[PDB]
Amino acid sequence: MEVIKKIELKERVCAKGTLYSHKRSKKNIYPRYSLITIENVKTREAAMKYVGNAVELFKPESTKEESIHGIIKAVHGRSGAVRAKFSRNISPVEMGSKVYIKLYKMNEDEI
Amino acid sequence: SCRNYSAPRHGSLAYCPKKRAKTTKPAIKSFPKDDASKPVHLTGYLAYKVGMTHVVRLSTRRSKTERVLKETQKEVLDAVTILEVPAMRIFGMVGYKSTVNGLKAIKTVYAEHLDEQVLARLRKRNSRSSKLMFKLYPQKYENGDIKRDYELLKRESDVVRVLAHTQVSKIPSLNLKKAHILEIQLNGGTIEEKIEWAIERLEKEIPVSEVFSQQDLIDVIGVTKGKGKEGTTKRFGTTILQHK
Amino acid sequence: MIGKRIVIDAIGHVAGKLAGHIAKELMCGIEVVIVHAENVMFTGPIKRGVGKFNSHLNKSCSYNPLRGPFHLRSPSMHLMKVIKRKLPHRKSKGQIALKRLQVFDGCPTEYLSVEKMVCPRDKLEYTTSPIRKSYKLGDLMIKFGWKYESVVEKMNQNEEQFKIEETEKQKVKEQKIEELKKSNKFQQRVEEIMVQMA
Amino acid sequence: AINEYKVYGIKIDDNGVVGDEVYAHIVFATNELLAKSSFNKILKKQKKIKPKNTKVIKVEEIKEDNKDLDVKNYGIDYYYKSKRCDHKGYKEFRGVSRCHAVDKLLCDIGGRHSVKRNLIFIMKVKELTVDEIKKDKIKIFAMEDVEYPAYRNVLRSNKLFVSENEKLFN
Amino acid sequence: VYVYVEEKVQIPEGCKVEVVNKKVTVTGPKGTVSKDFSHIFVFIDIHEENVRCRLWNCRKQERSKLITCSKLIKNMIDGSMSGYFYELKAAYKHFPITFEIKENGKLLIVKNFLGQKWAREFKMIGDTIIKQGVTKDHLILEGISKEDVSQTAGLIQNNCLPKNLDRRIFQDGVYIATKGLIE
Amino acid sequence: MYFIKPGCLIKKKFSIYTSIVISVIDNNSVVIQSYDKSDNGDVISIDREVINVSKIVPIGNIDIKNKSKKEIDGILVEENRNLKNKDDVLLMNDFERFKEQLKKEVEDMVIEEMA
RNA sequence: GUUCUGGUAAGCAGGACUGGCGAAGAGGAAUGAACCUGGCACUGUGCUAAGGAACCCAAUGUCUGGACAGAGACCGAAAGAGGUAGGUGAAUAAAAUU
Ligand SMILES: [K+]
Ligand SMILES: [K+]
Ligand SMILES: [K+]
Ligand SMILES: [K+]
Ligand SMILES: [K+]
Ligand SMILES: [K+]
Ligand SMILES: [K+]
Ligand SMILES: [Mg+2]
Ligand SMILES: [Mg+2]
């Protein structure tokens, strides 16, 4: 079963993170950008080393497309969180989900 | 503005909402505190209401401070109710365990031979049955399942209760072929003693003289007479309005 | 992350401070189990706590009490309602989040073996001064009709038995292995397996 | 943080250097602009020269050495404005610089009397030996007779959740 | 703010003391007593045949608690070398009060107070025992713990007074006469 | 329990190396001589500093009844000579790390068969 | 907002000066015609204001003093004692005290 293999392949090679919010103020949301936390990264200086890296959301139960790709654009706040952009806008139903950080840089056009 | 004169409320709010009882047969829901210092005994029973009559009794009750010399004796007329109480038969037992959510039942164990009157409660319509109810259970005696069951009850329980049914066939005026079943608690001694006392008595008949004696005080639980839908004047006792 | 579970021992933490940290995790998809809810600590004298709770029982719906507030009387359920109102519970996202939480008075038998976490920033001896009073939630709730105190004392005695047995069972294996591995009979086979992997 | 500056200035009219006097003023302030502000304030109250007739010729910072961070005793004479009137007083402090002494007074009065730093005025700062000390507070620390243990616990790690069996504090 | 506060109590020749945490336990001729100081912020230890309390950098109202702690420890030591006593005396202008000792000196009954026909019953707290004095109107209490002894005596005194009568005409009562250590 | 007095040895918050107290100012501040190391190329530095007591943890005592700055630098460089920033497994190259891993992993396979 | 006249006053009646709402959206004071920031065609990337930074809810921590009252963060007078932190001026002193 290909899904079980594709997971183990990704698990061995990537860092792990979770999606927790869109970019927002107290009143309005900006769904083009999403906010991520990475496992053991806990300062803004530590987080700067990931700016530019590729990210992937893998979803095996999906009928349309099994994974969405994206890129980390900027650091956010003072405790090591980041801001990222994806080829499609993330649904509110997909918040709380697991994200993979891929250890190589890509250009803003590739996504 | 405040009302002109004071008066009490009509009826008690301790009984609201006043809805209809679900079935006609009551469970004893609360039992007196156990005491390990006494012998094993039963705490309750079932009875049927017959009717009323009156009696005359002698009395000598007066104030302790009353200065009268003579040992005055006086007749008093009193009304009384008669209840019929045929012997109940024991047919099983249940053990319970204490938890953060109250008492929960662990297992139930039944006698090897059960009566037609008690099996009749398990089906809905009396005259239409294949009667294959408890026919496979007796194997559990041969297999030692019963002996494993008693072990589990004896090992892990806080409260023990017996199951008893009433012999409806002795009271023909009821027009009833299904026995009534009640769960009754055992107080006194330790869990082991309680279980042994029960085991000795499955299938046997306990007379009312085991449980109660003359002059005792007892609590009676029942469902009242029915009166249908009714207006406020009778349901809560409110006054009738002006004639015009 | 969805699919991660965590078990928290609630003893010695200040109630309102732990609740904030827990609520954030529930919104990130973690399943949380809290154990020992009867040992959470509130600051100040118990006298003040009693008055704050009396003012709460006075609140009710004027025309129908079966709509009005429900006043919960168990340490587990009380701490549950403290966490509930630090989440967006009028909306679907909060109702989903709440169903990921379980709270127990004492420690149940299915959670004796599992390893347990703690939150140093919220422990009383870090976050408060020594010169002022405090009380336990188990001490307040006996005054407002909790009825299962003794059931929890019996549980607490089973835990102590399991702790001494597991520690005794561990220390023997530690001794056994550490005394074993110094031997020649052990150190020989290191070579015998390495001959086939070098 | 607070610094020490010395400002120099002269009078001018429709023509230059109308008086041959030069005036000076030592001040504790956070920056040069707050220093220059004080110079204007004092000139207008002790003499009557308003800014349009003044020119500042120099501003200099004053700095100590103290490479070994040696600890010294200082006494300070001050006043502050309350709701009633102006209140004078004297207090003693310990530190590694005159500025270190002065920043501790400003913090103290804000704590004890609810006053913003701009309503406090320093009159004199003096360095003192052990025989000169007047009030009770610092004398035990000056005579070198103090030891005490730690009351505050300290965290071992930056992690929010840790295993029950780990060491938690210090 | 006080820089340093220390208080000390000396352990006599026969006595033995131990400190587990903030519980302090005392043993000696008359028996054993113990008390837990976990509700006070203080550091307690045993050093060179003394019991020592200490604090640093504390407020005025914290040092009062330290001192109070030190006086309670001394009472425990004294009470262990000899117990304490309290003496009670019945007073009456018309109706003689009478006393009964029951349960080996653990229960006291009082009868005929101001002519009342109902009896009163008082129970002894802890280690305390009740005994008859020099004439029929006197009682003596004896025990190890100054707290337990004095609390008991107080409860008797506080209940055995007139109510709803003018106390400067009706002067009857049971009064605490004498108190001290036993010889 | 240890005490904060001249010659106490302390660690600072979230730090591995020892430092030493030189003078006591008030009931909450001290002057310390502090050791630290640049992981960029083993470059050490020792300097004096004023610090509040809520950031430090005491661990022991030394004499230093009378000494100069250069002497105490000597005391400090001896004291923390043995210590390190990180476990070497994270510093070494990939093949060396794998070689170290194998030792542990094989040892378990022996123990699980031998027990 | 700053000021004035009549009235015990009033979300009361009536004038003067400089900006508003009327005819004004957006972000902030939980909510509010008029208060704070600041004037609007339509898109994209960066930065700041006012106001925030345990959790609801995007971003939070540190240092030094006070304070124990179901207090305060939101909140009433003349009159006062008690507890505690500091200033100044009088004494006395065989630790200090008033
Ligand atoms: K009316
Ligand atoms: K009931
Ligand atoms: K109009
Ligand atoms: K306009
Ligand atoms: K709004
Ligand atoms: K309005
Ligand atoms: K947040
Ligand atoms: Mg009718
Ligand atoms: Mg507007």
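Excluded from the calculations below are hydrogen atoms, water molecules and symmetry mates; all remaining heavy atoms, backbone and side chain alike, are included. Chain letters run A, B, ... following the sequence lines, proteins first, then strands; residues in each count from 1.
With D/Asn73 as the fixed residue, the side-chain hydrogen bond (donor to acceptor under 3.5 Å, both in side chains) test singles out one of D/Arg94, D/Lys126, D/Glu92: D/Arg94.
If you find the closest nucleotide of RNA chain G to D/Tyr78 and to C/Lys91, the one lying nearer the 5' end belongs to C/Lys91.
Because its NZ or CZ atom is not both nearer than 6.0 Å to the ring centre of E/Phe37 and within 45° of the ring axis, E/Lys22 does not count as a cation-pi partner of that residue.
Aromatic pair A/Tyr33/A/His22: centroids not less than 6.0 angstrom apart. Aromatic ring centres of D/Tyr78 and D/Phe121 lie farther apart than the 6.0 Å criterion allows. Checked against the 6.0 Å centroid criterion, the rings of C/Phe42 and C/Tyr135 qualify as a close aromatic pair. In this structure, D/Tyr90 has its ring center no closer than 6.0 Å to that of D/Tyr79.
In this model, the phosphate group of G/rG87 is approached by a side-chain N or O of D/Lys135 to a distance below 4.0 Å at OP1 or OP2. For A/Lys26, no side-chain nitrogen or oxygen approaches OP1 or OP2 of G/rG52 to under 4.0 Å. Listed pair A/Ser25 / G/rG27 fails the phosphate criterion, with no side-chain N or O lying under 4.0 Å from OP1 or OP2. Regarding contacts with the backbone of G/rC63, every side-chain N or O of F/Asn28 stays at 4.0 angstrom or more from both OP1 and OP2. The phosphate of G/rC57 (OP1 or OP2) has no side-chain N or O of A/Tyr20 nearer than 4.0 angstrom. Within the structure, every side-chain polar atom (N or O) of A/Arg24 is placed at least 4.0 Å from both OP1 and OP2 of G/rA59. Here A/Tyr33 reaches the OP1 or OP2 of G/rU45: one of its side-chain N or O atoms lies under 4.0 Å away. Checking the phosphate oxygens (OP1, OP2) of G/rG86, no side-chain nitrogen or oxygen of D/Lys88 falls inside 4.0 Å. D/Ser114 has no side-chain polar atom (N or O) that falls below the 4.0 Å cut-off from OP1 or OP2 of G/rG66. For C/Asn54 and G/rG70, the shortest distance from a side-chain N or O to OP1 or OP2 is not below 4.0 Å. Contact check, C/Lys24 against G/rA58: a side-chain N or O comes under 4.0 Å of OP1 or OP2. Contact check, C/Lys93 against G/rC57: a side-chain N or O comes under 4.0 Å of OP1 or OP2. A close approach under 4.0 Å does occur between a side-chain nitrogen or oxygen of A/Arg83 and OP1 or OP2 of G/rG46. Side-chain nitrogen and oxygen atoms of D/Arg112 include none within less than 4.0 Å of the OP1 or OP2 phosphate oxygen of G/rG65.
The pentose of G/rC21 belongs to the north class of puckers. Its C1'-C2'-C3'-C4' angle has a positive sign. With a negative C1'-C2'-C3'-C4' torsion, the sugar ring of G/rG32 falls in the south range. For G/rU88, classification of the furanose by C1'-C2'-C3'-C4' yields a north pucker, on the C3'-endo side. From the dihedral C1'-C2'-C3'-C4', which is positive here, one reads the pucker of G/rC75 as north, toward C3'-endo. For G/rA34, the sign convention on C1'-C2'-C3'-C4' gives a south pucker, since the angle is negative.
Using a cut-off of 5.5 Å between ring centres and 30° between planes, the six-membered base rings of G/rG70 and G/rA71 fail to qualify as stacked. Both conditions, centre separation below 5.5 angstrom and plane angle below 30 degrees, hold for the six-membered rings of G/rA13 and G/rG14. Judged by ring-centre distance under 5.5 Å and interplanar angle under 30°, strand neighbours G/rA53 and G/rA54 are not stacked. Remark: bases of strand neighbours G/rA34 and G/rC35 are unstacked by the 5.5 Å centre distance and 30° plane angle definition. Bases of consecutive nucleotides G/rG39 and G/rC40 are unstacked, their six-membered rings not being centred less than 5.5 Å apart at a plane angle below 30°.
Closest contact between the side chain of A/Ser21 and the listed nucleotides G/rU60, G/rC68, G/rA58 involves G/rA58. The listed nucleotides are G/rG86, G/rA85, G/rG70; the one nearest the side chain of C/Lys52 is G/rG70. If you check G/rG65, G/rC55, G/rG83 against the side chain of F/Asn27, the one that comes closest is G/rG65. The side chain of F/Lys55 lies closest to G/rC63, out of G/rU45, G/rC63, G/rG66. The side chain of A/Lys73 lies closest to G/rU45, out of G/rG87, G/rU84, G/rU45. When the nucleotides G/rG70, G/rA58, G/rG44 are ranked by their closest atom to the side chain of A/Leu35, G/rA58 comes out on top. Nearest nucleotide to the A/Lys27 side chain, out of G/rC57, G/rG86, G/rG27: G/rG27. Distance from the side chain of F/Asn52 is smallest for G/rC63 among the nucleotides G/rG87, G/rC63, G/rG27.
Protein atom CZ of F/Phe14 is 12 Å distant from nucleotide atom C1' of G/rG61, rounded to whole Å.
Regarding the sugar-base torsion, G/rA81 falls in the syn class, its angle being within 90° of 0. Shown here, G/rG44 is classed anti by the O4'-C1'-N9-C4 or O4'-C1'-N1-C2 angle, which is more than 90° from 0. Taking the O4'-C1'-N9-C4 or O4'-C1'-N1-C2 dihedral as appropriate, G/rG32 has a value within 90° of 0 and is therefore syn.
Taking 3.5 Å as the limit, the base of G/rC68 and the side chain of C/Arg48 contain a donor-acceptor pair of atoms between them. Residue side chain C/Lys86 reaches the base of G/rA54 through a donor-acceptor N/O pair under 3.5 Å, judged by distance alone.
Side-chain N/O atoms of A/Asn53 and A/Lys105 include a donor and acceptor closer than 3.5 Å. Using modelled atom types, one finds no donor on one side chain facing an acceptor on the other under 3.5 Å when comparing A/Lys42 with A/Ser79. Using modelled atom types, one finds no donor on one side chain facing an acceptor on the other under 3.5 Å when comparing F/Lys11 with F/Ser19.
Nucleotides G/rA96 and G/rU8 fail to qualify as a pair under the Watson-Crick or G-U wobble definition, as the contacts are not both shorter than 3.5 Å. Nucleotides G/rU5 and G/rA13 qualify as a pair under the Watson-Crick or G-U wobble definition, both contacts being shorter than 3.5 Å.
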